[PDB]
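Encoded as C-alpha coordinates, the structure appears first; notes follow it.
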Amino acid sequence: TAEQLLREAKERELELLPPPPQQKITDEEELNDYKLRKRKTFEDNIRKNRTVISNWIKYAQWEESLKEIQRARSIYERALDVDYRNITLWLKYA
RNA sequence: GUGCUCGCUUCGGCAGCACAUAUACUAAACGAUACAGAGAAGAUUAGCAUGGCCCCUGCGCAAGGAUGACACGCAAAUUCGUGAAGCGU
(Lines give C-alpha, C1' and ligand atoms only; values in the text may rest on other atoms or scores of the structure.)
Protein backbone atom coordinates (compact mmCIF):
# COMPACT_ATOMS: atom_id res chain seq x y z
CA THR A 1 0.00 0.00 0.00
CA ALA A 2 2.95 2.35 0.56
CA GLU A 3 4.08 1.78 -3.03
CA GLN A 4 0.71 2.59 -4.62
CA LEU A 5 0.12 5.45 -2.17
CA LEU A 6 3.63 6.78 -2.82
CA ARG A 7 2.87 6.62 -6.54
CA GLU A 8 -0.36 8.52 -5.82
CA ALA A 9 1.43 11.31 -3.95
CA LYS A 10 4.33 11.50 -6.42
CA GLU A 11 1.86 11.36 -9.31
CA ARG A 12 -0.20 14.12 -7.68
CA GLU A 13 2.97 16.22 -7.36
CA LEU A 14 4.01 15.33 -10.93
CA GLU A 15 1.84 18.04 -12.49
CA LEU A 16 3.93 20.67 -14.29
CA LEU A 17 3.20 24.28 -13.23
CA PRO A 18 -0.13 26.00 -12.55
CA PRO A 19 -1.74 28.36 -15.07
CA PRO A 20 -0.51 31.96 -15.10
CA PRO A 21 -4.21 33.66 -15.98
CA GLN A 22 -3.14 37.26 -15.42
CA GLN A 23 -4.00 40.48 -17.28
CA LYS A 24 -7.14 38.96 -18.81
CA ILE A 25 -8.63 41.12 -21.59
CA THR A 26 -6.66 44.29 -20.86
CA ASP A 27 -4.82 47.09 -22.69
CA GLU A 28 -7.49 47.29 -25.44
CA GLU A 29 -6.03 45.86 -28.70
CA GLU A 30 -3.53 43.78 -26.70
CA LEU A 31 -6.36 41.28 -26.24
CA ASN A 32 -6.73 41.23 -30.03
CA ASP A 33 -3.00 40.49 -30.25
CA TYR A 34 -3.47 37.62 -27.80
CA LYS A 35 -6.33 36.41 -29.99
CA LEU A 36 -3.97 36.64 -32.97
CA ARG A 37 -1.40 34.50 -31.15
CA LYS A 38 -4.05 31.97 -30.12
CA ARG A 39 -5.46 31.88 -33.65
CA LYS A 40 -1.88 31.43 -34.88
CA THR A 41 -1.40 28.46 -32.54
CA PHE A 42 -4.69 27.00 -33.79
CA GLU A 43 -3.57 27.57 -37.38
CA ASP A 44 -0.30 25.75 -36.65
CA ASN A 45 -2.12 22.90 -34.91
CA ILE A 46 -4.50 22.53 -37.85
CA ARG A 47 -1.42 22.88 -40.06
CA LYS A 48 0.38 19.91 -38.48
CA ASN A 49 -2.37 17.47 -39.55
CA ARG A 50 -4.62 18.22 -42.51
CA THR A 51 -6.86 15.29 -41.50
CA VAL A 52 -7.28 16.63 -37.95
CA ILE A 53 -10.93 16.63 -36.84
CA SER A 54 -10.52 17.72 -33.21
CA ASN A 55 -8.31 20.76 -33.90
CA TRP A 56 -10.80 21.87 -36.56
CA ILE A 57 -13.69 21.53 -34.09
CA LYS A 58 -11.84 23.59 -31.48
CA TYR A 59 -11.02 26.17 -34.15
CA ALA A 60 -14.75 26.22 -34.92
CA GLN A 61 -15.80 26.71 -31.29
CA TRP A 62 -13.15 29.33 -30.48
CA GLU A 63 -13.80 30.81 -33.94
CA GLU A 64 -17.56 31.21 -33.53
CA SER A 65 -16.83 32.52 -30.03
CA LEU A 66 -14.24 35.24 -30.69
CA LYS A 67 -14.29 35.54 -34.51
CA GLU A 68 -17.93 36.74 -34.77
CA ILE A 69 -19.19 35.94 -38.31
CA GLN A 70 -16.55 36.61 -40.99
CA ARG A 71 -13.56 34.66 -39.66
CA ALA A 72 -15.87 32.02 -38.17
CA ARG A 73 -17.49 31.54 -41.58
CA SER A 74 -13.92 31.31 -42.90
CA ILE A 75 -13.14 28.49 -40.46
CA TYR A 76 -16.35 26.60 -41.22
CA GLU A 77 -15.91 27.38 -44.93
CA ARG A 78 -12.28 26.21 -44.98
CA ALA A 79 -12.93 23.03 -42.99
CA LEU A 80 -16.12 22.41 -44.98
CA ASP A 81 -14.23 22.99 -48.24
CA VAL A 82 -11.55 20.52 -47.07
CA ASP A 83 -14.15 17.87 -46.14
CA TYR A 84 -16.22 16.03 -48.76
CA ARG A 85 -17.27 12.76 -47.10
CA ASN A 86 -17.87 12.32 -43.35
CA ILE A 87 -20.96 14.52 -43.54
CA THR A 88 -21.29 14.44 -39.74
CA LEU A 89 -18.65 17.19 -39.65
CA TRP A 90 -20.75 19.11 -42.18
CA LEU A 91 -23.61 18.70 -39.69
CA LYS A 92 -21.36 20.13 -36.97
CA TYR A 93 -20.55 23.16 -39.12
CA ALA A 94 -24.24 23.39 -40.06
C1' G B 1 24.14 63.98 -96.94
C1' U B 2 27.51 61.38 -100.21
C1' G B 3 28.57 59.00 -104.73
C1' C B 4 27.00 58.57 -109.76
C1' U B 5 24.22 60.06 -114.33
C1' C B 6 25.15 66.71 -118.11
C1' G B 7 19.33 63.76 -117.05
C1' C B 8 17.97 69.68 -117.93
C1' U B 9 20.73 75.46 -119.96
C1' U B 10 25.31 78.45 -116.66
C1' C B 11 32.02 75.02 -112.62
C1' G B 12 28.26 75.66 -107.96
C1' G B 13 21.68 76.09 -110.22
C1' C B 14 17.51 72.25 -111.01
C1' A B 15 16.32 66.72 -111.88
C1' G B 16 16.86 61.22 -111.36
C1' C B 17 19.21 56.52 -109.12
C1' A B 18 21.76 53.83 -104.81
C1' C B 19 22.42 53.94 -99.57
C1' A B 20 16.24 54.20 -95.85
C1' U B 21 12.67 54.03 -89.08
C1' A B 22 18.45 52.02 -84.18
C1' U B 23 18.28 52.11 -77.89
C1' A B 24 15.50 49.92 -74.04
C1' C B 25 16.27 43.99 -68.89
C1' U B 26 18.34 51.77 -72.70
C1' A B 27 21.42 56.65 -69.02
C1' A B 28 20.89 59.29 -64.72
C1' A B 29 18.51 35.04 -46.57
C1' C B 30 23.49 35.86 -45.00
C1' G B 31 27.47 38.94 -41.52
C1' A B 32 28.51 40.76 -36.00
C1' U B 33 27.11 39.25 -30.58
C1' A B 34 25.67 37.47 -25.08
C1' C B 35 23.18 33.01 -23.79
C1' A B 36 23.06 27.96 -23.22
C1' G B 37 23.83 23.48 -24.80
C1' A B 38 21.08 18.93 -27.06
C1' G B 39 15.34 12.29 -28.64
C1' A B 40 13.50 6.99 -28.16
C1' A B 41 9.82 4.40 -19.89
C1' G B 42 16.92 4.41 -14.52
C1' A B 43 22.71 6.35 -17.91
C1' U B 44 24.57 6.86 -22.56
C1' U B 45 23.91 6.85 -28.18
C1' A B 46 23.48 3.57 -33.52
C1' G B 47 20.27 4.85 -37.45
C1' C B 48 16.69 4.51 -41.19
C1' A B 49 11.45 6.24 -41.58
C1' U B 50 6.15 9.80 -42.24
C1' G B 51 3.53 15.09 -43.77
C1' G B 52 5.01 20.51 -44.41
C1' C B 53 2.99 27.17 -44.34
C1' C B 54 11.45 24.81 -42.74
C1' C B 55 15.91 24.71 -45.61
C1' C B 56 21.30 24.65 -47.02
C1' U B 57 25.51 21.47 -49.08
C1' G B 58 25.59 18.62 -53.11
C1' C B 59 26.22 18.27 -61.36
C1' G B 60 22.57 14.84 -59.58
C1' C B 61 15.97 10.15 -59.15
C1' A B 62 24.01 9.53 -55.31
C1' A B 63 24.19 11.36 -50.94
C1' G B 64 25.56 14.79 -46.76
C1' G B 65 24.21 18.46 -42.52
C1' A B 66 23.56 15.81 -33.40
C1' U B 67 18.19 9.87 -35.82
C1' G B 68 19.68 18.06 -41.30
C1' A B 69 16.25 20.41 -38.07
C1' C B 70 9.76 21.06 -37.15
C1' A B 71 6.51 17.97 -35.03
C1' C B 72 1.19 16.19 -26.78
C1' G B 73 -4.27 12.80 -24.99
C1' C B 74 -11.70 15.95 -26.93
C1' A B 75 -16.01 12.19 -28.38
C1' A B 76 -21.27 14.73 -34.13
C1' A B 77 -25.38 12.60 -27.48
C1' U B 78 -28.20 9.63 -23.74
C1' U B 79 -31.28 6.24 -20.81
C1' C B 80 -33.32 4.27 -16.15
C1' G B 81 -33.99 3.99 -10.28
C1' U B 82 -34.60 6.87 -4.78
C1' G B 83 -36.19 10.90 -1.67
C1' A B 84 -38.44 15.98 -0.75
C1' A B 85 -41.68 20.33 -2.17
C1' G B 86 -45.78 22.61 -5.23
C1' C B 87 -50.28 21.86 -8.57
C1' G B 88 -54.44 18.71 -10.18
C1' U B 89 -60.21 18.30 -13.42
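Chain labels run A, B, ... following the order of the C-alpha coordinates; each chain numbers its residues from 1, and ligands are numbered from 1 in the order shown.
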
12 Å contacts from chain B to chain A using only C-alpha atoms (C1' of nucleotides), as a list in words: residues 50, 51, 52, 53, 70, 71, 72, 73, 74, 75 and 76 of chain B

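The shell of residues at most 12 Å from residue 4 (chain B), with only C-alpha atoms (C1' of nucleotides) counted and near chain neighbours (fewer than 6 positions) removed, consists of residues 16, 17 and 18 of chain B.
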
Dump of N, CA and C atoms (P, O5', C5', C4', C3', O3' and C1' of nucleotides) for the selected residues, as a PDB file, in the first residue's frame:
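part.pdb, freshly written:
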ATOM      1  P     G B  16      13.710  64.387-108.570  1.00  0.00           P
ATOM      2  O5'   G B  16      14.356  63.082-109.217  1.00  0.00           O
ATOM      3  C5'   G B  16      13.669  62.348-110.221  1.00  0.00           C
ATOM      4  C4'   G B  16      14.573  61.328-110.869  1.00  0.00           C
ATOM      5  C3'   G B  16      15.214  60.317-109.931  1.00  0.00           C
ATOM      6  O3'   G B  16      14.357  59.233-109.618  1.00  0.00           O
ATOM      7  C1'   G B  16      16.863  61.215-111.360  1.00  0.00           C
ATOM      8  P     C B  17      14.429  58.536-108.171  1.00  0.00           P
ATOM      9  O5'   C B  17      15.673  57.545-108.276  1.00  0.00           O
ATOM     10  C5'   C B  17      15.638  56.412-109.134  1.00  0.00           C
ATOM     11  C4'   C B  17      16.992  55.758-109.240  1.00  0.00           C
ATOM     12  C3'   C B  17      17.601  55.270-107.932  1.00  0.00           C
ATOM     13  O3'   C B  17      17.112  54.003-107.524  1.00  0.00           O
ATOM     14  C1'   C B  17      19.211  56.517-109.121  1.00  0.00           C
ATOM     15  P     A B  18      16.901  53.684-105.961  1.00  0.00           P
ATOM     16  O5'   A B  18      17.849  52.432-105.679  1.00  0.00           O
ATOM     17  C5'   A B  18      19.018  52.202-106.453  1.00  0.00           C
ATOM     18  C4'   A B  18      20.263  52.208-105.600  1.00  0.00           C
ATOM     19  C3'   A B  18      20.047  52.368-104.103  1.00  0.00           C
ATOM     20  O3'   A B  18      19.697  51.151-103.467  1.00  0.00           O
ATOM     21  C1'   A B  18      21.760  53.834-104.813  1.00  0.00           C
TER      22        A B  18
END

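Residue nearest residue 78 (chain A), chosen from A:66, A:56, A:4, A:33 and counting only C-alpha atoms: A:56.
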
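Separating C1' of residue 1 (chain B) from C1' of residue 15 (chain B) is a distance of 17.1 Å.
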
Atomic separation - CA of residue 38 (chain A) relative to CA of residue 64 (chain A), Å: 14.0 Å

Could you pull out all residues of chain A with a DSSP call of alpha helix (DSSP H) and give them as an mmCIF file with N, CA, C and O atoms, in the first residue's frame?
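Saved as part-v2.cif:
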data_model
loop_
_atom_site.group_PDB
_atom_site.id
_atom_site.type_symbol
_atom_site.label_atom_id
_atom_site.label_comp_id
_atom_site.auth_asym_id
_atom_site.auth_seq_id
_atom_site.Cartn_x
_atom_site.Cartn_y
_atom_site.Cartn_z
ATOM 1 N N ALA A 2 2.060 1.191 0.573
ATOM 2 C CA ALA A 2 2.947 2.348 0.565
ATOM 3 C C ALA A 2 3.509 2.614 -0.825
ATOM 4 O O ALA A 2 3.874 3.752 -1.138
ATOM 5 N N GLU A 3 3.592 1.582 -1.668
ATOM 6 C CA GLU A 3 4.076 1.777 -3.030
ATOM 7 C C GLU A 3 3.023 2.462 -3.892
ATOM 8 O O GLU A 3 3.321 3.427 -4.606
ATOM 9 N N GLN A 4 1.781 1.974 -3.839
ATOM 10 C CA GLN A 4 0.712 2.591 -4.616
ATOM 11 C C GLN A 4 0.371 3.976 -4.080
ATOM 12 O O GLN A 4 0.100 4.898 -4.858
ATOM 13 N N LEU A 5 0.375 4.140 -2.755
ATOM 14 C CA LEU A 5 0.120 5.454 -2.174
ATOM 15 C C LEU A 5 1.255 6.422 -2.485
ATOM 16 O O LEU A 5 1.014 7.605 -2.752
ATOM 17 N N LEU A 6 2.499 5.937 -2.452
ATOM 18 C CA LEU A 6 3.630 6.782 -2.821
ATOM 19 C C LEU A 6 3.558 7.179 -4.289
ATOM 20 O O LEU A 6 3.927 8.300 -4.657
ATOM 21 N N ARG A 7 3.082 6.271 -5.144
ATOM 22 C CA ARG A 7 2.866 6.620 -6.543
ATOM 23 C C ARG A 7 1.703 7.591 -6.700
ATOM 24 O O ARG A 7 1.663 8.356 -7.670
ATOM 25 N N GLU A 8 0.754 7.575 -5.762
ATOM 26 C CA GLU A 8 -0.358 8.519 -5.821
ATOM 27 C C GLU A 8 0.085 9.916 -5.403
ATOM 28 O O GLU A 8 -0.337 10.911 -6.004
ATOM 29 N N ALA A 9 0.931 10.010 -4.376
ATOM 30 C CA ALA A 9 1.432 11.314 -3.954
ATOM 31 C C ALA A 9 2.428 11.874 -4.961
ATOM 32 O O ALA A 9 2.353 13.053 -5.328
ATOM 33 N N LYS A 10 3.367 11.043 -5.421
ATOM 34 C CA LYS A 10 4.330 11.496 -6.418
ATOM 35 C C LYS A 10 3.641 11.829 -7.735
ATOM 36 O O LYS A 10 4.030 12.779 -8.426
ATOM 37 N N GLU A 11 2.612 11.060 -8.099
ATOM 38 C CA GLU A 11 1.858 11.363 -9.310
ATOM 39 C C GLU A 11 1.045 12.640 -9.144
ATOM 40 O O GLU A 11 0.879 13.406 -10.101
ATOM 41 N N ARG A 12 0.529 12.886 -7.938
ATOM 42 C CA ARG A 12 -0.198 14.124 -7.684
ATOM 43 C C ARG A 12 0.729 15.331 -7.719
ATOM 44 O O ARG A 12 0.312 16.421 -8.128
ATOM 45 N N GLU A 30 -4.412 44.854 -27.142
ATOM 46 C CA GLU A 30 -3.532 43.778 -26.698
ATOM 47 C C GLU A 30 -4.277 42.453 -26.605
ATOM 48 O O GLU A 30 -3.699 41.395 -26.878
ATOM 49 N N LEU A 31 -5.556 42.490 -26.223
ATOM 50 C CA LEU A 31 -6.365 41.277 -26.237
ATOM 51 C C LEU A 31 -6.568 40.760 -27.655
ATOM 52 O O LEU A 31 -6.642 39.545 -27.866
ATOM 53 N N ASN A 32 -6.661 41.663 -28.636
ATOM 54 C CA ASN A 32 -6.732 41.233 -30.026
ATOM 55 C C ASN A 32 -5.413 40.631 -30.488
ATOM 56 O O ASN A 32 -5.406 39.731 -31.336
ATOM 57 N N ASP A 33 -4.291 41.112 -29.948
ATOM 58 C CA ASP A 33 -3.004 40.495 -30.250
ATOM 59 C C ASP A 33 -2.908 39.107 -29.633
ATOM 60 O O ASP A 33 -2.366 38.181 -30.250
ATOM 61 N N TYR A 34 -3.428 38.942 -28.413
ATOM 62 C CA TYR A 34 -3.467 37.618 -27.801
ATOM 63 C C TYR A 34 -4.376 36.681 -28.586
ATOM 64 O O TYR A 34 -4.092 35.483 -28.706
ATOM 65 N N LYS A 35 -5.476 37.211 -29.126
ATOM 66 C CA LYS A 35 -6.333 36.405 -29.989
ATOM 67 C C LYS A 35 -5.643 36.076 -31.306
ATOM 68 O O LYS A 35 -5.933 35.040 -31.914
ATOM 69 N N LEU A 36 -4.735 36.943 -31.762
ATOM 70 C CA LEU A 36 -3.969 36.642 -32.966
ATOM 71 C C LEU A 36 -2.932 35.559 -32.698
ATOM 72 O O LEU A 36 -2.656 34.725 -33.569
ATOM 73 N N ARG A 37 -2.346 35.555 -31.498
ATOM 74 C CA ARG A 37 -1.397 34.505 -31.146
ATOM 75 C C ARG A 37 -2.106 33.173 -30.932
ATOM 76 O O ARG A 37 -1.597 32.121 -31.337
ATOM 77 N N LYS A 38 -3.282 33.199 -30.301
ATOM 78 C CA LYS A 38 -4.047 31.971 -30.116
ATOM 79 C C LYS A 38 -4.550 31.431 -31.447
ATOM 80 O O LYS A 38 -4.498 30.219 -31.693
ATOM 81 N N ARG A 39 -5.042 32.313 -32.320
ATOM 82 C CA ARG A 39 -5.456 31.885 -33.652
ATOM 83 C C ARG A 39 -4.270 31.396 -34.471
ATOM 84 O O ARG A 39 -4.434 30.539 -35.348
ATOM 85 N N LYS A 40 -3.075 31.927 -34.206
ATOM 86 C CA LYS A 40 -1.881 31.427 -34.879
ATOM 87 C C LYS A 40 -1.514 30.036 -34.380
ATOM 88 O O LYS A 40 -1.096 29.178 -35.167
ATOM 89 N N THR A 41 -1.662 29.796 -33.075
ATOM 90 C CA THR A 41 -1.404 28.464 -32.536
ATOM 91 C C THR A 41 -2.421 27.457 -33.056
ATOM 92 O O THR A 41 -2.076 26.300 -33.324
ATOM 93 N N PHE A 42 -3.680 27.877 -33.202
ATOM 94 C CA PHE A 42 -4.686 26.996 -33.786
ATOM 95 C C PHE A 42 -4.418 26.750 -35.265
ATOM 96 O O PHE A 42 -4.670 25.648 -35.764
ATOM 97 N N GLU A 43 -3.911 27.759 -35.978
ATOM 98 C CA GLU A 43 -3.566 27.569 -37.382
ATOM 99 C C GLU A 43 -2.371 26.639 -37.542
ATOM 100 O O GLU A 43 -2.300 25.886 -38.520
ATOM 101 N N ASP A 44 -1.427 26.674 -36.599
ATOM 102 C CA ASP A 44 -0.297 25.753 -36.653
ATOM 103 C C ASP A 44 -0.722 24.341 -36.270
ATOM 104 O O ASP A 44 -0.238 23.362 -36.849
ATOM 105 N N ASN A 45 -1.627 24.218 -35.295
ATOM 106 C CA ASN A 45 -2.121 22.900 -34.908
ATOM 107 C C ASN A 45 -2.924 22.263 -36.034
ATOM 108 O O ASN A 45 -2.768 21.069 -36.317
ATOM 109 N N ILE A 46 -3.787 23.043 -36.690
ATOM 110 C CA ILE A 46 -4.502 22.531 -37.853
ATOM 111 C C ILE A 46 -3.548 22.336 -39.022
ATOM 112 O O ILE A 46 -3.830 21.558 -39.943
ATOM 113 N N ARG A 47 -2.410 23.032 -39.012
ATOM 114 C CA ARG A 47 -1.415 22.881 -40.063
ATOM 115 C C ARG A 47 -0.591 21.611 -39.913
ATOM 116 O O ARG A 47 -0.107 21.081 -40.919
ATOM 117 N N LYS A 48 -0.417 21.116 -38.685
ATOM 118 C CA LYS A 48 0.375 19.908 -38.480
ATOM 119 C C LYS A 48 -0.292 18.693 -39.114
ATOM 120 O O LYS A 48 0.384 17.855 -39.723
ATOM 121 N N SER A 54 -10.489 17.016 -34.491
ATOM 122 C CA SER A 54 -10.525 17.724 -33.213
ATOM 123 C C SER A 54 -10.087 19.177 -33.353
ATOM 124 O O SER A 54 -10.853 20.099 -33.053
ATOM 125 N N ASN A 55 -8.839 19.398 -33.781
ATOM 126 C CA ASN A 55 -8.312 20.755 -33.905
ATOM 127 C C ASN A 55 -9.231 21.648 -34.733
ATOM 128 O O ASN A 55 -9.382 22.840 -34.440
ATOM 129 N N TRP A 56 -9.858 21.088 -35.769
ATOM 130 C CA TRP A 56 -10.804 21.867 -36.563
ATOM 131 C C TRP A 56 -12.054 22.202 -35.758
ATOM 132 O O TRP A 56 -12.615 23.295 -35.898
ATOM 133 N N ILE A 57 -12.503 21.275 -34.907
ATOM 134 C CA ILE A 57 -13.685 21.530 -34.090
ATOM 135 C C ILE A 57 -13.395 22.606 -33.051
ATOM 136 O O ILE A 57 -14.231 23.482 -32.795
ATOM 137 N N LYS A 58 -12.212 22.559 -32.435
ATOM 138 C CA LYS A 58 -11.835 23.592 -31.475
ATOM 139 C C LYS A 58 -11.651 24.938 -32.163
ATOM 140 O O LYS A 58 -11.997 25.983 -31.600
ATOM 141 N N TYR A 59 -11.106 24.931 -33.383
ATOM 142 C CA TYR A 59 -11.021 26.167 -34.152
ATOM 143 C C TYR A 59 -12.403 26.686 -34.523
ATOM 144 O O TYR A 59 -12.580 27.895 -34.710
ATOM 145 N N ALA A 60 -13.389 25.794 -34.629
ATOM 146 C CA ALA A 60 -14.752 26.222 -34.921
ATOM 147 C C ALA A 60 -15.437 26.796 -33.685
ATOM 148 O O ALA A 60 -16.184 27.776 -33.785
ATOM 149 N N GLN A 61 -15.200 26.198 -32.515
ATOM 150 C CA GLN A 61 -15.799 26.713 -31.288
ATOM 151 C C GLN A 61 -15.169 28.041 -30.887
ATOM 152 O O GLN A 61 -15.872 29.034 -30.665
ATOM 153 N N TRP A 62 -13.836 28.078 -30.790
ATOM 154 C CA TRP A 62 -13.153 29.330 -30.482
ATOM 155 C C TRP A 62 -13.375 30.365 -31.575
ATOM 156 O O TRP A 62 -13.462 31.564 -31.286
ATOM 157 N N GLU A 63 -13.460 29.923 -32.831
ATOM 158 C CA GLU A 63 -13.797 30.808 -33.937
ATOM 159 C C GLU A 63 -15.148 31.466 -33.696
ATOM 160 O O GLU A 63 -15.221 32.678 -33.473
ATOM 161 N N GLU A 64 -16.220 30.668 -33.716
ATOM 162 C CA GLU A 64 -17.563 31.212 -33.526
ATOM 163 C C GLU A 64 -17.644 32.075 -32.275
ATOM 164 O O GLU A 64 -18.366 33.079 -32.248
ATOM 165 N N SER A 65 -16.915 31.698 -31.225
ATOM 166 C CA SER A 65 -16.827 32.522 -30.026
ATOM 167 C C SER A 65 -16.248 33.902 -30.321
ATOM 168 O O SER A 65 -16.971 34.903 -30.289
ATOM 169 N N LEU A 66 -14.946 33.967 -30.609
ATOM 170 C CA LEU A 66 -14.236 35.239 -30.691
ATOM 171 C C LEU A 66 -14.128 35.819 -32.097
ATOM 172 O O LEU A 66 -13.742 36.984 -32.232
ATOM 173 N N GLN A 70 -17.478 36.695 -39.869
ATOM 174 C CA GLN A 70 -16.547 36.608 -40.991
ATOM 175 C C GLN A 70 -15.505 35.509 -40.827
ATOM 176 O O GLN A 70 -15.497 34.539 -41.593
ATOM 177 N N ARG A 71 -14.618 35.648 -39.838
ATOM 178 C CA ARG A 71 -13.561 34.658 -39.659
ATOM 179 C C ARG A 71 -14.119 33.304 -39.237
ATOM 180 O O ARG A 71 -13.537 32.265 -39.574
ATOM 181 N N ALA A 72 -15.235 33.290 -38.506
ATOM 182 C CA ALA A 72 -15.873 32.023 -38.167
ATOM 183 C C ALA A 72 -16.410 31.331 -39.413
ATOM 184 O O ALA A 72 -16.232 30.119 -39.585
ATOM 185 N N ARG A 73 -17.068 32.087 -40.295
ATOM 186 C CA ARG A 73 -17.489 31.540 -41.578
ATOM 187 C C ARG A 73 -16.304 31.154 -42.450
ATOM 188 O O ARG A 73 -16.459 30.333 -43.360
ATOM 189 N N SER A 74 -15.127 31.730 -42.195
ATOM 190 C CA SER A 74 -13.922 31.308 -42.897
ATOM 191 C C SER A 74 -13.375 30.001 -42.340
ATOM 192 O O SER A 74 -12.782 29.214 -43.086
ATOM 193 N N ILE A 75 -13.560 29.755 -41.042
ATOM 194 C CA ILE A 75 -13.136 28.487 -40.460
ATOM 195 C C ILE A 75 -14.075 27.367 -40.892
ATOM 196 O O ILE A 75 -13.636 26.297 -41.330
ATOM 197 N N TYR A 76 -15.386 27.599 -40.778
ATOM 198 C CA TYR A 76 -16.351 26.599 -41.219
ATOM 199 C C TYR A 76 -16.321 26.419 -42.731
ATOM 200 O O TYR A 76 -16.587 25.320 -43.230
ATOM 201 N N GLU A 77 -15.996 27.480 -43.474
ATOM 202 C CA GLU A 77 -15.909 27.377 -44.925
ATOM 203 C C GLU A 77 -14.624 26.691 -45.372
ATOM 204 O O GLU A 77 -14.624 25.988 -46.387
ATOM 205 N N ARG A 78 -13.528 26.883 -44.636
ATOM 206 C CA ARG A 78 -12.281 26.209 -44.979
ATOM 207 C C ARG A 78 -12.342 24.732 -44.612
ATOM 208 O O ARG A 78 -11.980 23.865 -45.417
ATOM 209 N N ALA A 79 -12.798 24.426 -43.395
ATOM 210 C CA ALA A 79 -12.934 23.031 -42.988
ATOM 211 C C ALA A 79 -13.993 22.317 -43.819
ATOM 212 O O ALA A 79 -13.825 21.144 -44.172
ATOM 213 N N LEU A 80 -15.090 23.006 -44.138
ATOM 214 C CA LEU A 80 -16.117 22.409 -44.985
ATOM 215 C C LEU A 80 -15.607 22.209 -46.406
ATOM 216 O O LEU A 80 -15.944 21.214 -47.058
ATOM 217 N N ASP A 81 -14.794 23.144 -46.903
ATOM 218 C CA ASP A 81 -14.225 22.991 -48.237
ATOM 219 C C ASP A 81 -13.180 21.884 -48.275
ATOM 220 O O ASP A 81 -12.945 21.292 -49.334
ATOM 221 N N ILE A 87 -20.000 13.429 -43.603
ATOM 222 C CA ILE A 87 -20.963 14.519 -43.544
ATOM 223 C C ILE A 87 -21.361 14.897 -42.125
ATOM 224 O O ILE A 87 -22.004 15.931 -41.930
ATOM 225 N N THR A 88 -21.013 14.077 -41.129
ATOM 226 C CA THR A 88 -21.290 14.445 -39.744
ATOM 227 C C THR A 88 -20.575 15.737 -39.366
ATOM 228 O O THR A 88 -21.119 16.564 -38.623
ATOM 229 N N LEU A 89 -19.354 15.930 -39.870
ATOM 230 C CA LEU A 89 -18.655 17.190 -39.647
ATOM 231 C C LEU A 89 -19.375 18.343 -40.332
ATOM 232 O O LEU A 89 -19.427 19.457 -39.798
ATOM 233 N N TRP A 90 -19.940 18.094 -41.518
ATOM 234 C CA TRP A 90 -20.752 19.111 -42.176
ATOM 235 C C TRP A 90 -22.008 19.418 -41.372
ATOM 236 O O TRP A 90 -22.540 20.531 -41.451
ATOM 237 N N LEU A 91 -22.498 18.446 -40.601
ATOM 238 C CA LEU A 91 -23.607 18.703 -39.691
ATOM 239 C C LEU A 91 -23.154 19.481 -38.464
ATOM 240 O O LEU A 91 -23.948 20.228 -37.882
ATOM 241 N N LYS A 92 -21.894 19.316 -38.057
ATOM 242 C CA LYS A 92 -21.358 20.128 -36.969
ATOM 243 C C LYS A 92 -21.206 21.580 -37.403
ATOM 244 O O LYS A 92 -21.582 22.502 -36.669
ATOM 245 N N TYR A 93 -20.655 21.803 -38.600
ATOM 246 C CA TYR A 93 -20.554 23.161 -39.123
ATOM 247 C C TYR A 93 -21.927 23.749 -39.418
ATOM 248 O O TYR A 93 -22.130 24.958 -39.257
#

d(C1' of residue 37 (chain B), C1' of residue 65 (chain B)) in Å: 18.4 Å

Minimum-distance residue to residue 52 (chain A), chosen among A:82, A:69, A:16, A:25 (using only C-alpha atoms): A:82

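Near region 23-36 of chain B, within 12 Å and counting only C-alpha atoms (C1' of nucleotides), sit residues 38, 55 and 56 of chain B; same-chain residues fewer than 2 positions away were not included.
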
Got time to write the residues from that selection, N, CA and C atoms (P, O5', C5', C4', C3', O3' and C1' of nucleotides), as a PDB file, in the first residue's frame?
ATOM      1  P     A B  38      23.779  18.620 -23.684  1.00  0.00           P
ATOM      2  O5'   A B  38      22.569  17.615 -23.429  1.00  0.00           O
ATOM      3  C5'   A B  38      21.973  16.889 -24.503  1.00  0.00           C
ATOM      4  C4'   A B  38      20.812  17.637 -25.116  1.00  0.00           C
ATOM      5  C3'   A B  38      20.121  16.918 -26.269  1.00  0.00           C
ATOM      6  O3'   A B  38      18.744  17.295 -26.305  1.00  0.00           O
ATOM      7  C1'   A B  38      21.080  18.932 -27.059  1.00  0.00           C
ATOM      8  P     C B  55      11.430  27.436 -46.818  1.00  0.00           P
ATOM      9  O5'   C B  55      12.096  26.009 -47.062  1.00  0.00           O
ATOM     10  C5'   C B  55      13.303  25.880 -47.795  1.00  0.00           C
ATOM     11  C4'   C B  55      14.511  26.076 -46.914  1.00  0.00           C
ATOM     12  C3'   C B  55      15.857  25.979 -47.609  1.00  0.00           C
ATOM     13  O3'   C B  55      16.208  27.176 -48.279  1.00  0.00           O
ATOM     14  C1'   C B  55      15.906  24.712 -45.613  1.00  0.00           C
ATOM     15  P     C B  56      17.332  27.157 -49.425  1.00  0.00           P
ATOM     16  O5'   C B  56      18.697  27.284 -48.617  1.00  0.00           O
ATOM     17  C5'   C B  56      19.940  27.077 -49.266  1.00  0.00           C
ATOM     18  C4'   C B  56      20.994  26.592 -48.305  1.00  0.00           C
ATOM     19  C3'   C B  56      22.116  25.778 -48.928  1.00  0.00           C
ATOM     20  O3'   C B  56      23.116  26.581 -49.530  1.00  0.00           O
ATOM     21  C1'   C B  56      21.305  24.648 -47.025  1.00  0.00           C
TER      22        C B  56
END
